[PDB]
Amino acid sequence: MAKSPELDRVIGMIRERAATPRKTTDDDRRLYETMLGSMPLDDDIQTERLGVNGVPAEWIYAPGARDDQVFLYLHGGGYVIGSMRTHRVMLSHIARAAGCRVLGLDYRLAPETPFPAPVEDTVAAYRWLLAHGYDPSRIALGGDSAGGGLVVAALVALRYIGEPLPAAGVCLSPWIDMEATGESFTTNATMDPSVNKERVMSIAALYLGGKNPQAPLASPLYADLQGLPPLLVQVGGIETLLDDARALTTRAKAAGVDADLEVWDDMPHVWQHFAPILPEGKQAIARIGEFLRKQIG
């Protein structure tokens, strides 16, 4: 929607998906995979499927990776869609930029398994890393949209159950409010080509399975954020989720957490997916990589 042939092309891919007629949950899952499926994994990327405390997962790393540094990654999709199939290319770029390993979780999705399953899964996976000799100071959690919010909820959960906390969290267009009350849901409604308030609320109802929409672990907008490690938050200027990112950063700082927010003008929801064809994607990922090298490197 802004000018730049590369951005034009990305917006086109996003608008095509948003306008493609769908019926079933699995249709929605496949359509997300389709949008992101024209951008292949680099030949030199290593991947490995494995279970981590029962959670299906995937190591993703580039040559020269530090096998003792781990970015534990939680994909977006409203807790209903998404997988390593949609996210592995982006994670491979992050891995190469940070020089670390990415552990991506194919965590449990709704409606099959509702809230708080993904929080449980993140905890199990983190516990798996600790049990396998990985150092808390060399682990960071990352996620986008639902995953961004999950990063926060999981960090809170870990503190609440006394686990030694990771070095850092990365939140890409985090969704932290099940009720979509942020003002940007109104102001950015015609600007955002992929996320809207009606979509978010319907998905929230699927995830919640009848549980309280303001539960702190589903909506960390309401969670106790004391004690969390440094956060990097990125979000696009045209996003309806813009005020979620701002609220998170404000609530974090108020709780004493070192949080830094970057608002990237003209960027759509999780534009980092399109790094292979989008300069701003590469730049934002380079910035994630710097932050990770600082915190776990």
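Residues numbered from 1 in each chain as written, not as in the entry; some residues may be left out. Heavy atoms only, no water.

Structure determination for this PDB entry is given in the record as X-ray crystallography, at a resolution of 2.00 Å.

As named in the PDB entry, the chain is Esterase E40, taken from environmental samples.

It is worth spelling out unusual backbone geometry at this point. The step from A110 to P111 runs through a cis peptide bond, and the omega angle for that step is 5°. Of note, the bond from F115 into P116 is cis; its omega dihedral lies within 30 degrees of zero at 0°. Within the secondary structure, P116 is located in the loop between β4 (100–105) and α4 (117–131). Of note in the backbone geometry, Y79 takes a positive phi value of approximately 65° without being a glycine. In this structure, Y79 sits in the loop between β3 (66–74) and α3 (84–98). The phi dihedral of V270 falls on the positive side, at around 40°, and the residue is not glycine. Within the secondary structure, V270 is located in the loop between β8 (259–264) and α9 (279–296). (Helix = DSSP H or I, 4+ residues; strand = E, 2+ residues; numbered from the N terminus.)

For α9, built from 18 residues, the straight-helix expectation of 26 Å at 1.5 Å per residue is met to within 8% by its first-to-last C-alpha distance of 25 Å. Listing the buried residues of α9 in full gives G281, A284, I285, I288, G289, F291, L292, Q295 and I296. Taken around the axis of α9, the buried residues stretch over an arc of 165°, which confines them to a single face. Opposite the packed face of α9, turned more than 90 degrees from it, sit the exposed residues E290 and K294. (Expected span 1.5 Å × (residues − 1). Buried < 20%, exposed > 50% of the residue type's maximum accessible area, 1.4 Å probe, protein only. Arc of directions from axis to C-beta.)

This brings us to the sheet that holds strand β6 (residues 168–172). Judged by pairing direction, the sheet is mixed, and its eight strands sit side by side in the order β1-β2-β4-β3-β5-β6-β7-β8 without closing on themselves. For this open sheet the edge positions go to β1 (46–52) and β8, each flanked by a neighbour on one side alone. Within the sheet, the average angular offset between the axes of one strand and its neighbour, ignoring direction, is 20°. Of the strand pairs in this sheet, strand β7 (residues 231–236) and β8 are connected by six bridges, and their pairing is parallel. What sits directly across from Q234, in β8, is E262. The strands touched by α3 are β1, β2 (55–61), β3, β4 and β5 (139–144); relative to β2, the strand with the most contacts, the crossing angle is about 40°. (Pairing = 2+ DSSP bridges. Axes fitted to C-alpha atoms, helices over the stretch in contact; angles between N-to-C directions. Contact = heavy atoms within 4.5 Å.)

Right, let's talk about the packing of helix α1 (residues 5–19) against helix α2 (residues 25–36) for a bit. Close contact between α1 and α2 brings their axes to 10 Å; oriented N to C, the two are set at 160°. Judged by the angle between their axes, α1 and α2 are roughly antiparallel. You can see that α1 and α2 cross each other, and the crossing is right-handed. Contact residues: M13, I14 and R17 in α1; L31, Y32 and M35 in α2. Here the residues of the contact of α1 with α2 sort into five nonpolar, no polar and one charged. (Parallel < 35°, antiparallel > 145°, perpendicular 65-115°, else oblique. Left-handed = near helix turned anticlockwise from the far one by under 90°. Nonpolar A, V, L, I, M, F, W, Y, C, P; charged D, E, K, R; others polar.)

Another point: the nonpolar core. Counting residues in hydrophobic clusters, the biggest one holds 81 residues, and the most contacted among them are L103, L105, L129 and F274. The element that contributes the greatest number of residues to this core is helix α5 (residues 146–160), accounting for ten residues. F274 has contacts with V10, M13, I14, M35, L36 and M39, leaving out every residue within four places of it along the chain. Membership of the second largest hydrophobic core comes to 26 residues, among which are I45, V102, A167 and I296. (Core = buried A, V, L, I, M, F, W, Y, C linked by side-chain atoms within 4.5 Å.)

This brings us to the pairing of β2. Of all seven residues that make up β2, six are buried, and the element is covered over most of its length. In the sheet, β1 pairs with β2 via seven bridges, with the strands oriented antiparallel. Paired with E48 across the bridge in β2 is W59. Where β1 hands over to β2, the hairpin turn is made up of two residues, of which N53 adopts a positive phi near 50°. Where β2 meets β4, four bridges bridge the pair, whose relative direction is antiparallel.

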